[PDB]
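There are 2 protein chains.
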Amino acid sequence: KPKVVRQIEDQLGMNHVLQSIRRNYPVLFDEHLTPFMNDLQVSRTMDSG
Amino acid sequence: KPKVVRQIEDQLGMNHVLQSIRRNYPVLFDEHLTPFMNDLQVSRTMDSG
């Protein structure tokens, strides 16, 4: 069995990476990202910030 | 003399509060905030993030 002791909260949802990109790279989150999106509300309201 | 032991990094610039508002309240940072602004670049490029 894999002996990994992963410490990334073991969930690592898509809405977490999207939120982190929005926070860190906002100019890169607006352009080239999320033009084809309708669930920006959940990614915006601090989903496990 | 004031005996304060303030632990807020002692600088607390405007571009720090603006950046924190942009990160935490983006929908509140876009509307009702920064329509009359031309220095969004420094507040965007992680000024003492």
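Residue numbers (UniProt numbering), protein chains in the order written: chain A, 1720 to 1768; chain B, 1720 to 1768. C-beta: ideal position from N, C-alpha, C; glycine also.
Buried or exposed for residue i, please, with buried defined as at least 16 other CB atoms from any protein chain shown within 10 angstroms of its CB.
| i | result |
| --- | --- |
| A/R1741 | buried |
| B/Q1738 | buried |
| A/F1755 | exposed |
Compare the Cα-Cα distances from residue i to each of the options and report the closest residue.
| i | options | result |
| --- | --- | --- |
| B/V1746 | A/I1727, A/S1762, A/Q1726 | A/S1762 |
Helix, strand or coil for residue i, going by three-state DSSP, please let me know.
| i | result |
| --- | --- |
| B/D1758 | coil |
| B/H1751 | coil |
| A/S1767 | coil |
| B/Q1738 | helix |
| A/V1746 | helix |
- Task: Give a yes or no on contact between the region 1726-1735 of chain B and the region 1755-1768 of chain B, applying the rule of three or more CB pairs nearer than 8 Å.
- Result: yes
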